[PDB]
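Novice: I would like to see how this sequence folds:
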Amino acid sequence: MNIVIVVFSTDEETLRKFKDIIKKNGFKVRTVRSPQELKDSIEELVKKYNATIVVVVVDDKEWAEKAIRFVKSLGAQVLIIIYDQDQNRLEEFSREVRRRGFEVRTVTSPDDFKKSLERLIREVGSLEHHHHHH
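Specialist: Residues are numbered from 1 along each chain as shown. Sharing the structure here:
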């Protein structure tokens, strides 16, 4: 199943690690910087659904809300990995995302993201479909 990543780090270096670990597994990436950049992903998915992990890059927690408020409108079940340097923020924003029916996973360091992503990808469903009819 699909997965979303919310990054509070406006610094490219941190996001770079995330993008590298993703493509490592063979998945495509979309870094959202505007609301239409999120919706437009769905506009594509309804036409062609290929393995693309959408990473919403946020500068504040309400802009992060804006994204989750749209995803809430989608209704589907997706895993949401969020990164922030303050547990007070990260863990509390997690409250909202989780309450809205989305199982959110919080990461504090690139290596912790690396490990957790490797796990989730194999659990939720990787590019390796496994169950084949042939």
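
Novice: got the phi/psi numbers for residue 90?
Specialist: Dihedral angles phi and psi of residue 90 (degrees, to the nearest 10) take the values phi -50, psi -50.

Novice: switch to numbering from 8
Specialist: Noted, 8 is the first residue going forward, which turns the last one into residue 97.

Novice: ok, and the closest non-adjacent residue to it?
Specialist: Distance criterion CB to CB, 6 or more residues apart in numbering; nearest residue to residue 97, sequence neighbours excluded, is residue 91 at 3.8 Å. Using the backbone N, CA and C atoms, a C-beta is placed for each residue, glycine as well.

Novice: got the contact list for the strand or helix carrying residue 128?
Specialist: For residue 128, the element it lies in under DSSP states H and E is helix 117-131. Helix 117-131 is contacted by residues 8, 10, 21, 24-25, 28-29, 32, 34, 86, 88, 90, 112, 114 when judged by CB atoms under 8 Å, 6 or more residues apart in numbering.

Novice: swap in stretch 95-104?
Specialist: 15, 68, 71-72, 75, 87, 89-91, 111, 113, 115.

Novice: With residue 105 as the reference, measure out to the nearest residue to residue 107 once chain neighbours are set aside.
Specialist: Of all residues beyond its chain neighbours, the one nearest residue 107 is residue 79 (5.0 Å), with distances taken as CB to CB, 6+ apart. Taking CB to CB, to the nearest Å as the criterion, residue 79 is separated from residue 105 by 12 Å.

Novice: now do residue 89
Specialist: When residue 89 is compared with residue 105 (using CB to CB), they lie 10 Å apart.

Novice: If you count surrounding residues, which of these two has more?
Specialist: With other CB atoms under 10 Å as the criterion, residue 89 and residue 105 differ in neighbour count, and residue 89 comes out ahead with 23 against 12.
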